[PDB]
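Visitor: To start, I am sharing the structure in question, which I have written as structure tokens.
What is reported rests on the model, the rules as stated and the sources as named; these are not laboratory values. Because the Cβ atoms are built from the backbone with ideal geometry, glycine has one as well, and the counts that use them run over all protein chains shown.
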Amino acid sequence: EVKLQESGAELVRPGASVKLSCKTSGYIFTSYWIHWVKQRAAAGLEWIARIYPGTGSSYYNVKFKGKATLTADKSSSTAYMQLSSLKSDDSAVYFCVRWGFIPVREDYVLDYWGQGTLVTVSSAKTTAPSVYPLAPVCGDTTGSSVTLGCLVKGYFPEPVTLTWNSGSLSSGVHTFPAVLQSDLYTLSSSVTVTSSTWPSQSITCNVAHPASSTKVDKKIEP
Amino acid sequence: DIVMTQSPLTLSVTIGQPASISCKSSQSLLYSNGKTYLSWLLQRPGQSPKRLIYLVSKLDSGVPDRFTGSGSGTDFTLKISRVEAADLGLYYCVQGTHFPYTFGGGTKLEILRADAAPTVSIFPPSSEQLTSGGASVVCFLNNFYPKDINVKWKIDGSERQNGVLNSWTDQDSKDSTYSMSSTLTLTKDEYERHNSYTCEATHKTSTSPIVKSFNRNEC
Ligand SMILES: O=C(O)CNC(=O)CCCP(=O)(O)OCc1ccc([N+](=O)[O-])cc1
């Protein structure tokens, strides 16, 4: 079963270098080209380069010549992309792709994509978030159903993981995309349950921020 | 490099109806071996892209045949015979006839559903936050459609514009609505200096705006 497992999100300083990995499984590694694609939050996709692990033969988009360097480790079946001279505009999500085009055949096999590695190039320092419970005072819905919330603010870098009751509460929840303001992020989430569920039972907001080794649980009390 | 132009930039289609996207290249994509390397990708919200079509009209496996592609030279089209809620997302055409490979700009397909008014909720600051000398007033505006909405904050009747942090989700595939969060942050002492807080939403579903509000008094 083809799987392309990419490395974790990275916080990198400007001018520095990053080595992104793409561990593959489920097919003969040396037999297919691996491509690297960039996606910057602007619905834009850009082709960087490709490598044939069987020979180490690589092709680069001139825009990235110098910036990117592909390597492949035949023993561990892992392809790599090194990015250098980083600057803020290099912050994006980079994908490794087993595209599927077979040159000799000039035909196609199914494409498999890695999950993507989000790279944040900044000199901002890592900061743990403050988690606040949001219980209704007026805005609530009140009768029939009630909506609670969780505010996660002042953290860096992304991402943060937020769940309700460890994820057992999944319907009726909306987690809003983090917004960066002055080198710090803010994220919120709401959960709507019936009036009979809460306060009767416990509803907790679980927040994790691995960048800072933070894991907090906030119970929403009346 | 070959520029790939897609149109429309965005389209709203109702479920059950047909749709079509266009992609234009700055140069012919006809290769000397008689093949035209033009593919179509779909990237659903919070997912990696995934090809649907290769060589202008060949469909990948696991793909329902509601999707068909056609065109030649510089003109290409993706056609969906019948749109489903799952079609939501960004569509891209890419060319591999010319090096380096270049992608189109993208076309967002959004599902057009019946108008739905927001359910608005308001929350005062948490004791925990106030204890840190800060105060965030939060307003959630959930499950609405269309996406255009306008919210205003008012402290004791007057409009506050500074200190607002808004965030919208993308269209939910399950119900085709959007949700939005609006947080107004103040200092603890400025917060305690006022009485009523209000969140007002102006949206096409009504001529009179939805207003959620709370008075801070004591107790
Ligand atoms: O290389 C050349 O100059 C001539 N062209 C070719 O040999 C064929 C390229 C075919 P194709 O696989 O379609 O390449 C385009 C292409 C490749 C990778 C990709 N991707 O998203 O990973 C997107 C698009």
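Visitor: Specify the residue that is farthest from B:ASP189 (Cα to Cα); the eligible residues are those in segment B:95-130 that are facing another protein chain (nearest Cβ under 10 Å) and among the hydroxyl-bearing types (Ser, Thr, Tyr).
Guide: B:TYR101
Visitor: Provide a single number: the residues in segment A:28-62 that are under 22 Å from the mean Cα position of the chain (by Cα), away from the ligand (no atom under 12 Å from the Cβ), facing chain B (nearest Cβ under 10 Å) and not small (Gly, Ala, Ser).
Guide: 0
Visitor: Need the failing condition index for A:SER25 against (1) within 12 Å of chain B (Cβ to nearest Cβ); (2) more than 16 Å from the ligand (Cβ to nearest atom); (3) not aromatic (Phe, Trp, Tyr), just the number.
Guide: (1)
Visitor: Looking at the structure I just gave you, is B:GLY96 within 16 Å of the ligand (Cβ to nearest atom) and in contact with a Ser or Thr (Cβ under 9 Å, 6 or more places away or on another chain)?
Guide: yes
Visitor: Any idea which residue in segment A:1-27 is farthest from the chain's Cα centre (by Cα), counting only those that are among the β-branched types (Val, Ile, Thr) and in a strand (DSSP E or B)?
Guide: Of everything passing the filter in segment A:1-27, A:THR24 is farthest from the chain's Cα centre (by Cα).
Visitor: Now, a different point. Is it the case that segment B:197-219 has a residue that's part of a helix (DSSP H, G or I), within 25 Å of A:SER130 (Cα to Cα) and either touching a strand residue (DSSP E or B) at 6+ places or on another chain (Cβ under 8 Å) or not assigned by CATH to the domain that holds B:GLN43 (or both)?
Guide: Within segment B:197-219 (the criterion being part of a helix (DSSP H, G or I), within 25 Å of A:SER130 (Cα to Cα) and either touching a strand residue (DSSP E or B) at 6+ places or on another chain (Cβ under 8 Å) or not assigned by CATH to the domain that holds B:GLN43 (or both)), the answer is no, since none of the residues qualifies.
Visitor: So A:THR117 passes all but one of these: (1) of a type in the set (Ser, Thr, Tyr); (2) facing chain B (nearest Cβ under 8 Å); (3) in contact (Cβ under 8 Å) with a residue 40 or more places away in the chain. Which condition number does it fail?
Guide: (2)
Visitor: Every residue in segment B:137-182 that is of a type in the set (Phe, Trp, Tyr) and closer than 20 Å to A:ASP140 by Cβ, please.
Guide: B:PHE140, B:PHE144, B:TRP153, listed by residue number.
Visitor: For segment B:8-43, what are the residues that are closer than 29 Å to B:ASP115 by Cβ and either within 16 Å of the ligand (Cβ to nearest atom) or among the aromatic types (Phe, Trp, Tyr) (or both)?
Guide: B:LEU42, B:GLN43
Visitor: Hey, among B:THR169, B:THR177, which residue is closer than 30 Å to B:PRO45 by Cβ, free of Cβ contacts under 8 Å to residues at least 12 places away in the same chain and in the same structural domain as B:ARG216 (by CATH)?
Guide: B:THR169
Visitor: Being within 16 Å of the ligand (Cβ to nearest atom) and either over 21 Å from the mean Cα position of the chain (by Cα) or charged (D, E, K, R) (or both) is the filter here; which residues of segment A:73-98 pass it?
Guide: Scanning segment A:73-98 gives a single hit, A:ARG98.
Visitor: I need the full set of residues from segment A:68-107 which are in a strand (DSSP E or B), facing chain B (nearest Cβ under 9 Å), surrounded by 19 or more Cβ atoms within 10 Å (Cβ to Cβ) and not aliphatic (A, V, I, L, M), in order please.
Guide: A:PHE95, A:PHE101
Visitor: Taking B:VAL83 as the residue in question, decide whether it is of a type in the set (A, V, I, L, M, F, W, C), more than 7 Å from chain A (Cβ to nearest Cβ), part of a loop (DSSP other than H, G, I, E, B) and touching a strand residue (DSSP E or B) at 6+ places or on another chain (Cβ under 7 Å).
Guide: yes
Visitor: Please verify whether segment A:111-121 includes one or more residues that are hydroxyl-bearing (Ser, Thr, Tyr) and within 30 Å of B:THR198 (Cα to Cα).
Guide: Within segment A:111-121 (the criterion being hydroxyl-bearing (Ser, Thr, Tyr) and within 30 Å of B:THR198 (Cα to Cα)), the answer is no, since none of the residues qualifies.
Visitor: Filter segment A:136-152 for residues that are surrounded by fewer than 22 Cβ atoms within 10 Å (Cβ to Cβ), on the phi < 0 side of the Ramachandran plot and at the interface with another protein chain (Cβ under 7 Å from one of its Cβ atoms) and give the result.
Guide: Hits for segment A:136-152 are A:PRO136, A:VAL137, A:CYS138, A:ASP140.
Visitor: State the number of residues belonging to segment B:44-54 that are within 7 Å of another protein chain (Cβ to nearest Cβ) and either assigned to a loop (DSSP other than H, G, I, E, B) or among the aliphatic types (A, V, I, L, M) (or both).
Guide: Residues flagged as within 7 Å of another protein chain (Cβ to nearest Cβ) and either assigned to a loop (DSSP other than H, G, I, E, B) or among the aliphatic types (A, V, I, L, M) (or both) within segment B:44-54 amount to 2.
Visitor: Something else about it: Where in segment A:108-195 are there strands (runs of 3 or more DSSP E), lying fully within it, with 1 or more residues that are small (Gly, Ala, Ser)?
Guide: Where strands (runs of 3 or more DSSP E) fall fully within segment A:108-195 and carry at least 1 residues being small (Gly, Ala, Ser), they are A:130-134, A:145-155, A:184-194.
Visitor: Part of a strand (DSSP E or B), within 12 Å of chain A (Cβ to nearest Cβ) and of a type outside the set (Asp, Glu), is that true of B:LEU41?
Guide: Against the criterion (part of a strand (DSSP E or B), within 12 Å of chain A (Cβ to nearest Cβ) and of a type outside the set (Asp, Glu)), B:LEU41 qualifies.
Visitor: Also, quick follow-up: It is to be established whether one or more residues within segment B:58-67 are buried (at least 17 other Cβ atoms within 10 Å of the Cβ), closer than 26 Å to B:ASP172 by Cα and aromatic (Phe, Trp, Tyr).
Guide: Checked segment B:58-67: at least one residue is buried (at least 17 other Cβ atoms within 10 Å of the Cβ), closer than 26 Å to B:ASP172 by Cα and aromatic (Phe, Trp, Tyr).
Visitor: Within segment B:139-184, restricting attention to residues that are of a type in the set (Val, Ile, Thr) and farther than 22 Å from B:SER208 by Cα, which residue is surrounded by the fewest Cβ atoms within 10 Å (Cβ to Cβ)?
Guide: Ranking the qualifying residues of segment B:139-184, first place goes to B:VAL164.
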